[PDB]
file coords00.cif (mmCIF, C-alpha atoms)
data_start
#
loop_
_atom_site.group_PDB
_atom_site.id
_atom_site.type_symbol
_atom_site.label_atom_id
_atom_site.label_comp_id
_atom_site.auth_asym_id
_atom_site.auth_seq_id
_atom_site.Cartn_x
_atom_site.Cartn_y
_atom_site.Cartn_z
ATOM 1 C CA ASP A 1 0.000 0.000 0.000
ATOM 2 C CA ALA A 2 1.190 3.508 -0.898
ATOM 3 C CA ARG A 3 0.882 4.827 2.647
ATOM 4 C CA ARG A 4 3.271 3.272 5.202
ATOM 5 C CA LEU A 5 2.685 5.768 8.027
ATOM 6 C CA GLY A 6 1.353 8.965 6.471
ATOM 7 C CA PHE A 7 3.351 10.996 8.998
ATOM 8 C CA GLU A 8 2.748 14.590 7.836
ATOM 9 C CA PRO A 9 3.447 16.774 10.906
ATOM 10 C CA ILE A 10 0.294 18.812 11.561
ATOM 11 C CA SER A 11 -0.894 20.635 14.682
ATOM 12 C CA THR A 12 -4.129 22.469 15.477
ATOM 13 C CA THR A 13 -6.112 23.692 18.488
ATOM 14 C CA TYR A 14 -9.289 22.396 20.159
ATOM 15 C CA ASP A 15 -9.279 19.444 17.730
ATOM 16 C CA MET A 16 -6.026 17.497 18.359
ATOM 17 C CA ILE A 17 -6.259 14.686 20.918
ATOM 18 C CA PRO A 18 -2.867 13.834 22.500
ATOM 19 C CA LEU A 19 -3.311 10.050 22.592
ATOM 20 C CA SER A 20 -4.501 9.412 19.035
ATOM 21 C CA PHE A 21 -1.578 9.268 16.602
ATOM 22 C CA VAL A 22 0.117 6.501 18.618
ATOM 23 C CA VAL A 23 -2.484 3.845 17.814
ATOM 24 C CA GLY A 24 -2.811 5.275 14.305
ATOM 25 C CA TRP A 25 0.777 4.455 13.370
ATOM 26 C CA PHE A 26 0.408 0.957 14.826
ATOM 27 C CA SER A 27 -2.778 0.345 12.832
ATOM 28 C CA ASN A 28 -1.119 1.644 9.661
ATOM 29 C CA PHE A 29 1.892 -0.630 10.173
ATOM 30 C CA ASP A 30 -0.388 -3.607 10.831
ATOM 31 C CA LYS A 31 -2.443 -2.933 7.696
ATOM 32 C CA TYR A 32 0.681 -2.417 5.572
ATOM 33 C CA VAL A 33 1.765 -6.020 6.164
ATOM 34 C CA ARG A 34 -1.619 -7.297 4.961
ATOM 35 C CA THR A 35 -1.301 -5.453 1.638
ATOM 36 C CA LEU A 36 2.264 -6.693 1.086
ATOM 37 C CA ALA A 37 2.439 -9.084 -1.876
ATOM 38 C CA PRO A 38 5.845 -10.250 -3.151
ATOM 39 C CA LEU A 39 6.310 -10.271 -6.924
ATOM 40 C CA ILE A 40 9.428 -11.901 -8.388
ATOM 41 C CA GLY A 41 10.512 -12.021 -12.025
ATOM 42 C CA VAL A 42 12.954 -13.849 -14.303
ATOM 43 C CA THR A 43 13.992 -13.377 -17.923
ATOM 44 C CA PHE A 44 16.352 -15.094 -20.338
ATOM 45 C CA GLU A 45 19.796 -13.492 -20.616
ATOM 46 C CA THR A 46 22.093 -15.710 -22.714
ATOM 47 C CA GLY A 47 23.015 -19.319 -23.373
ATOM 48 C CA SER A 48 25.203 -21.695 -25.375
ATOM 49 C CA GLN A 49 25.460 -25.290 -26.577
ATOM 50 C CA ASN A 50 28.792 -27.139 -26.585
ATOM 51 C CA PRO B 1 12.242 -18.071 1.189
ATOM 52 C CA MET B 2 15.877 -17.957 2.330
ATOM 53 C CA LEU B 3 16.501 -14.996 0.004
ATOM 54 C CA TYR B 4 13.974 -12.776 1.825
ATOM 55 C CA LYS B 5 15.698 -13.316 5.189
ATOM 56 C CA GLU B 6 17.556 -10.001 5.421
ATOM 57 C CA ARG B 7 14.597 -8.151 3.897
ATOM 58 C CA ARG B 8 12.051 -9.493 6.389
ATOM 59 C CA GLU B 9 14.596 -8.880 9.156
ATOM 60 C CA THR B 10 15.230 -5.214 8.359
ATOM 61 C CA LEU B 11 11.477 -4.824 7.783
ATOM 62 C CA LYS B 12 9.988 -6.305 10.973
ATOM 63 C CA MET B 13 12.734 -7.267 13.443
ATOM 64 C CA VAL B 14 14.199 -3.756 13.564
ATOM 65 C CA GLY B 15 10.657 -2.343 13.522
ATOM 66 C CA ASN B 16 9.902 -3.613 17.026
ATOM 67 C CA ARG B 17 10.851 -0.165 18.337
ATOM 68 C CA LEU B 18 7.784 1.250 16.573
ATOM 69 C CA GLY B 19 5.430 -0.979 18.552
ATOM 70 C CA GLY B 20 7.511 -0.461 21.684
ATOM 71 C CA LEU B 21 6.364 3.161 21.868
ATOM 72 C CA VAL B 22 2.852 1.970 22.739
ATOM 73 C CA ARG B 23 4.225 0.044 25.729
ATOM 74 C CA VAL B 24 5.837 3.048 27.426
ATOM 75 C CA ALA B 25 2.804 5.165 26.527
ATOM 76 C CA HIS B 26 0.319 2.786 28.156
ATOM 77 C CA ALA B 27 2.656 2.384 31.138
ATOM 78 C CA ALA B 28 3.129 6.128 31.758
ATOM 79 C CA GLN B 29 0.278 8.238 30.340
ATOM 80 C CA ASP B 30 -2.590 5.886 31.203
ATOM 81 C CA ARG B 31 -1.977 3.879 34.378
ATOM 82 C CA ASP B 32 -0.647 6.884 36.331
ATOM 83 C CA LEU B 33 -3.747 8.969 35.498
ATOM 84 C CA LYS B 34 -5.722 7.634 38.478
ATOM 85 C CA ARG B 35 -4.882 10.820 40.394
ATOM 86 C CA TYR B 36 -7.035 12.833 37.978
ATOM 87 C CA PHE B 37 -10.134 10.723 38.652
ATOM 88 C CA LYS B 38 -9.784 11.146 42.432
ATOM 89 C CA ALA B 39 -9.125 14.897 42.081
ATOM 90 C CA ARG B 40 -11.633 17.638 42.825
ATOM 91 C CA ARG B 41 -13.026 19.909 40.123
ATOM 92 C CA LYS B 42 -10.976 22.757 41.609
ATOM 93 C CA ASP B 43 -7.805 20.894 40.578
ATOM 94 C CA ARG B 44 -9.044 19.503 37.247
ATOM 95 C CA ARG B 45 -8.740 22.967 35.687
ATOM 96 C CA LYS B 46 -4.952 22.592 36.008
ATOM 97 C CA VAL B 47 -4.558 18.798 35.887
ATOM 98 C CA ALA B 48 -6.009 18.608 32.375
ATOM 99 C CA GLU B 49 -3.732 21.407 31.159
ATOM 100 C CA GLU B 50 -0.671 19.773 32.732
ATOM 101 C CA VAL B 51 -1.560 16.442 31.115
ATOM 102 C CA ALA B 52 -2.084 18.067 27.713
ATOM 103 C CA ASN B 53 1.225 19.942 27.931
ATOM 104 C CA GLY B 54 3.066 16.795 29.003
ATOM 105 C CA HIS B 55 1.537 14.798 26.153
ATOM 106 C CA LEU B 56 2.264 17.445 23.511
ATOM 107 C CA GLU B 57 5.950 17.523 24.467
ATOM 108 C CA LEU B 58 6.183 13.729 24.249
ATOM 109 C CA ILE B 59 4.433 13.739 20.865
ATOM 110 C CA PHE B 60 6.807 16.401 19.539
ATOM 111 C CA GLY B 61 9.812 14.483 20.866
ATOM 112 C CA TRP B 62 8.708 11.158 19.378
ATOM 113 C CA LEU B 63 7.592 12.622 16.036
ATOM 114 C CA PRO B 64 11.087 12.472 14.437
ATOM 115 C CA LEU B 65 11.197 8.736 15.175
ATOM 116 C CA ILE B 66 8.116 8.174 13.004
ATOM 117 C CA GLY B 67 9.718 10.050 10.118
ATOM 118 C CA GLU B 68 12.974 8.136 10.518
ATOM 119 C CA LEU B 69 11.091 4.826 10.490
ATOM 120 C CA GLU B 70 9.090 5.850 7.417
ATOM 121 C CA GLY B 71 12.296 6.820 5.624
ATOM 122 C CA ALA B 72 14.054 3.592 6.584
ATOM 123 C CA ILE B 73 11.096 1.464 5.457
ATOM 124 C CA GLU B 74 11.743 2.640 1.890
ATOM 125 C CA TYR B 75 15.143 0.906 1.982
ATOM 126 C CA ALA B 76 13.410 -2.490 1.679
ATOM 127 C CA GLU B 77 11.733 -1.477 -1.616
ATOM 128 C CA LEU B 78 14.889 -1.208 -3.746
ATOM 129 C CA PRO B 79 14.777 -3.489 -6.825
ATOM 130 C CA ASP B 80 18.229 -5.082 -6.610
ATOM 131 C CA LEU B 81 19.391 -8.696 -6.772
ATOM 132 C CA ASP B 82 21.996 -10.978 -8.324
ATOM 133 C CA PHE B 83 21.504 -13.748 -10.918
ATOM 134 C CA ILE B 84 21.328 -17.546 -10.992
ATOM 135 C CA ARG B 85 22.870 -20.006 -13.453
ATOM 136 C CA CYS B 86 22.306 -23.687 -14.223
ATOM 137 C CA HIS B 87 23.973 -26.440 -16.239
ATOM 138 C CA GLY B 88 23.223 -29.788 -17.831
ATOM 139 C CA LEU B 89 24.964 -32.591 -19.711
ATOM 140 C CA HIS B 90 24.326 -36.093 -21.016
ATOM 141 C CA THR B 91 26.293 -38.958 -22.551
ATOM 142 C CA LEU B 92 25.482 -41.755 -24.990
ATOM 143 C CA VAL B 93 27.692 -44.667 -26.027
ATOM 144 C CA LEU B 94 28.167 -45.006 -29.785
ATOM 145 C CA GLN B 95 30.099 -48.155 -30.714
ATOM 146 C CA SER B 96 32.948 -50.328 -29.472
ATOM 147 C CA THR B 97 35.249 -53.088 -30.703
ATOM 148 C CA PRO B 98 37.906 -55.277 -29.040
ATOM 149 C CA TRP B 99 41.606 -55.343 -29.892
ATOM 150 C CA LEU C 1 22.512 -19.732 -28.270
ATOM 151 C CA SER C 2 20.005 -16.884 -28.037
ATOM 152 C CA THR C 3 16.342 -16.001 -28.688
ATOM 153 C CA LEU C 4 15.269 -18.639 -26.193
ATOM 154 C CA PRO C 5 11.560 -19.525 -26.594
ATOM 155 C CA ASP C 6 8.923 -19.025 -23.894
ATOM 156 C CA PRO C 7 10.369 -20.801 -20.819
ATOM 157 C CA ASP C 8 8.383 -22.793 -18.237
ATOM 158 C CA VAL C 9 9.749 -21.431 -14.964
ATOM 159 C CA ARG C 10 7.758 -22.568 -11.922
ATOM 160 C CA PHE C 11 7.783 -20.808 -8.546
ATOM 161 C CA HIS C 12 6.111 -22.009 -5.357
ATOM 162 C CA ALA C 13 5.733 -18.471 -3.962
ATOM 163 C CA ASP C 14 4.334 -17.855 -0.456
ATOM 164 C CA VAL C 15 7.630 -17.298 1.341
ATOM 165 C CA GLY C 16 8.021 -17.126 5.114
ATOM 166 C CA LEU C 17 5.920 -13.974 5.452
ATOM 167 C CA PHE C 18 3.182 -15.308 7.751
ATOM 168 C CA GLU C 19 5.727 -15.861 10.542
ATOM 169 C CA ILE C 20 6.232 -12.142 11.191
ATOM 170 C CA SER C 21 2.447 -11.689 11.226
ATOM 171 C CA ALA C 22 2.229 -13.537 14.553
ATOM 172 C CA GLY C 23 4.552 -10.986 16.171
ATOM 173 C CA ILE C 24 2.450 -7.887 15.560
ATOM 174 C CA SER C 25 -0.774 -9.706 16.447
ATOM 175 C CA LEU C 26 0.701 -10.931 19.744
ATOM 176 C CA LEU C 27 2.113 -7.550 20.799
ATOM 177 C CA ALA C 28 -1.139 -5.715 20.029
ATOM 178 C CA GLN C 29 -3.317 -7.892 22.271
ATOM 179 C CA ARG C 30 -0.872 -7.223 25.130
ATOM 180 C CA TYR C 31 -0.597 -3.417 24.861
ATOM 181 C CA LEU C 32 -2.929 -2.156 22.097
ATOM 182 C CA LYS C 33 -6.315 -3.507 23.225
ATOM 183 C CA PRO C 34 -5.777 -2.411 26.856
ATOM 184 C CA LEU C 35 -4.754 1.087 25.757
ATOM 185 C CA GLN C 36 -7.752 1.367 23.426
ATOM 186 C CA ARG C 37 -10.054 0.214 26.232
ATOM 187 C CA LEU C 38 -8.579 2.657 28.755
ATOM 188 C CA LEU C 39 -8.799 5.535 26.263
ATOM 189 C CA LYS C 40 -12.530 4.964 25.706
ATOM 190 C CA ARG C 41 -13.263 6.418 29.160
ATOM 191 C CA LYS C 42 -12.473 9.934 30.405
ATOM 192 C CA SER C 43 -11.219 11.114 27.005
ATOM 193 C CA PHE C 44 -9.057 14.188 27.587
ATOM 194 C CA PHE C 45 -8.824 17.252 25.343
ATOM 195 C CA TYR C 46 -6.402 20.025 24.389
ATOM 196 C CA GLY C 47 -6.915 23.781 24.430
ATOM 197 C CA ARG C 48 -4.886 26.918 23.760
ATOM 198 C CA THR C 49 -2.933 26.846 27.039
#

call {"tool": "encode", "arguments": {"input": "coords00.cif", "output": "structure tokens"}}
result
Amino acid sequence: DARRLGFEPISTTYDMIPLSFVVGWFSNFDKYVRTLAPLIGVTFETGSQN
Amino acid sequence: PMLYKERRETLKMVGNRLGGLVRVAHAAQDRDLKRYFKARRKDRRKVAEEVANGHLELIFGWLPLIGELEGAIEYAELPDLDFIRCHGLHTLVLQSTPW
Amino acid sequence: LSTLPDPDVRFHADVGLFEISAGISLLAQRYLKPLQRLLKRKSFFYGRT
């Protein structure tokens, strides 16, 4: 997933709860592992016959 | 699976520090808050402000760690690897004669 | 030799990725669920001061 902890330092007033971003980063990290999907690839380079 | 050893390591093993932040948080700014519940309204006007100020400082101090972790996570998304080679041979008897 | 035809490479896939999944799930139930439950009550706020 194109997210991996959005980060983005932002601060406001009367609308920013102290304990809120802590669990957010954990949830984002947990969801990032679910979207991970390895994708390998191979192609022919060169050969020979003796 | 043995090729993704170092990748999975640098991805998750070193990332334990990220989850470790929740431990200290729950141990400090959660269990020690019982004094606020048993406090009178006359003191809550200052207790809430002191808690908010203490939490904002911790958030500002731990914010660079999140950025560092996000920047280091990109290191595991570099398309780089070596190559693999194989071989094969076979024999077949043709003819023979004594001497 | 060159211009090799369409090969028939076979890969089993599904590497050892589910092992690390047990680590995050085990650490969350020990410190994430309790924190989320404790935060549900007496939710604090932040002002200008």

call {"tool": "resolve_selection", "arguments": {"input": "coords00.cif", "expression": "the PyMOL selection byres ((chain C) within 6 of (chain A))", "output": "list in words"}}
result
residues 1, 2, 45, 46 and 47 of chain C

call {"tool": "closest_residue", "arguments": {"input": "coords00.cif", "among": "B:39, B:21, B:81, B:52", "to": "residue 28 in chain C", "atoms": "all atoms listed in the file"}}
result
B:21

call {"tool": "resolve_selection", "arguments": {"input": "coords00.cif", "expression": "the PyMOL selection byres ((chain B) within 10 of (chain A))", "output": "JSON, numbers by chain"}}
result
{"B": [4, 11, 12, 15, 18, 19, 20, 21, 22, 25, 26, 29, 30, 51, 52, 53, 54, 55, 56, 57, 58, 59, 60, 62, 63, 64, 66, 67, 69, 70, 71, 73, 74, 83, 84, 85, 89]}

call {"tool": "write_last_selection", "arguments": {"input": "coords00.cif", "atoms": "C-alpha atoms", "output": "short mmCIF file (atom, residue, chain, number, x, y, z; two decimals), keeping the file's coordinate frame"}}
result
data_model
loop_
_atom_site.label_atom_id
_atom_site.label_comp_id
_atom_site.auth_asym_id
_atom_site.auth_seq_id
_atom_site.Cartn_x
_atom_site.Cartn_y
_atom_site.Cartn_z
CA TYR B 4 13.97 -12.78 1.82
CA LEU B 11 11.48 -4.82 7.78
CA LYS B 12 9.99 -6.30 10.97
CA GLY B 15 10.66 -2.34 13.52
CA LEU B 18 7.78 1.25 16.57
CA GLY B 19 5.43 -0.98 18.55
CA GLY B 20 7.51 -0.46 21.68
CA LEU B 21 6.36 3.16 21.87
CA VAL B 22 2.85 1.97 22.74
CA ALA B 25 2.80 5.16 26.53
CA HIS B 26 0.32 2.79 28.16
CA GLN B 29 0.28 8.24 30.34
CA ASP B 30 -2.59 5.89 31.20
CA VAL B 51 -1.56 16.44 31.12
CA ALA B 52 -2.08 18.07 27.71
CA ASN B 53 1.23 19.94 27.93
CA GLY B 54 3.07 16.80 29.00
CA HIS B 55 1.54 14.80 26.15
CA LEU B 56 2.26 17.44 23.51
CA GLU B 57 5.95 17.52 24.47
CA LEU B 58 6.18 13.73 24.25
CA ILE B 59 4.43 13.74 20.86
CA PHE B 60 6.81 16.40 19.54
CA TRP B 62 8.71 11.16 19.38
CA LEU B 63 7.59 12.62 16.04
CA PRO B 64 11.09 12.47 14.44
CA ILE B 66 8.12 8.17 13.00
CA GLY B 67 9.72 10.05 10.12
CA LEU B 69 11.09 4.83 10.49
CA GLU B 70 9.09 5.85 7.42
CA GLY B 71 12.30 6.82 5.62
CA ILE B 73 11.10 1.46 5.46
CA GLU B 74 11.74 2.64 1.89
CA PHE B 83 21.50 -13.75 -10.92
CA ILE B 84 21.33 -17.55 -10.99
CA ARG B 85 22.87 -20.01 -13.45
CA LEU B 89 24.96 -32.59 -19.71
#

call {"tool": "atom_distance", "arguments": {"input": "coords00.cif", "atom1": "CA of residue 21 in chain C", "atom2": "CA of residue 27 in chain B"}}
result
24.4 Å

call {"tool": "closest_residue", "arguments": {"input": "coords00.cif", "among": "B:28, B:48, B:14, B:86", "to": "chain C", "atoms": "all atoms listed in the file"}}
result
B:48

call {"tool": "resolve_selection", "arguments": {"input": "coords00.cif", "expression": "the PyMOL selection byres ((chain C) within 7 of (chain B))", "output": "PDB file with C-alpha atoms, in the coordinates of the input"}}
result
ATOM      1  CA  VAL C  15       7.630 -17.298   1.341  1.00  0.00           C
ATOM      2  CA  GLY C  16       8.021 -17.126   5.114  1.00  0.00           C
ATOM      3  CA  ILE C  20       6.232 -12.142  11.191  1.00  0.00           C
ATOM      4  CA  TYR C  31      -0.597  -3.417  24.861  1.00  0.00           C
ATOM      5  CA  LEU C  35      -4.754   1.087  25.757  1.00  0.00           C
ATOM      6  CA  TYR C  46      -6.402  20.025  24.389  1.00  0.00           C
ATOM      7  CA  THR C  49      -2.933  26.846  27.039  1.00  0.00           C
TER       8      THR C  49
END

call {"tool": "axis_aligned_box", "arguments": {"input": "coords00.cif", "around": "range 7-20 of chain B", "padding_each_side": "8 Å", "output": "JSON"}}
result
{"center_x": 10.3, "center_y": -4.1, "center_z": 12.8, "size_x": 25.8, "size_y": 26.7, "size_z": 33.8}

call {"tool": "atom_distance", "arguments": {"input": "coords00.cif", "atom1": "CA of residue 14 in chain C", "atom2": "CA of residue 78 in chain B"}}
result
20.0 Å

call {"tool": "atom_distance", "arguments": {"input": "coords00.cif", "atom1": "CA of residue 13 in chain C", "atom2": "CA of residue 17 in chain B"}}
result
29.3 Å
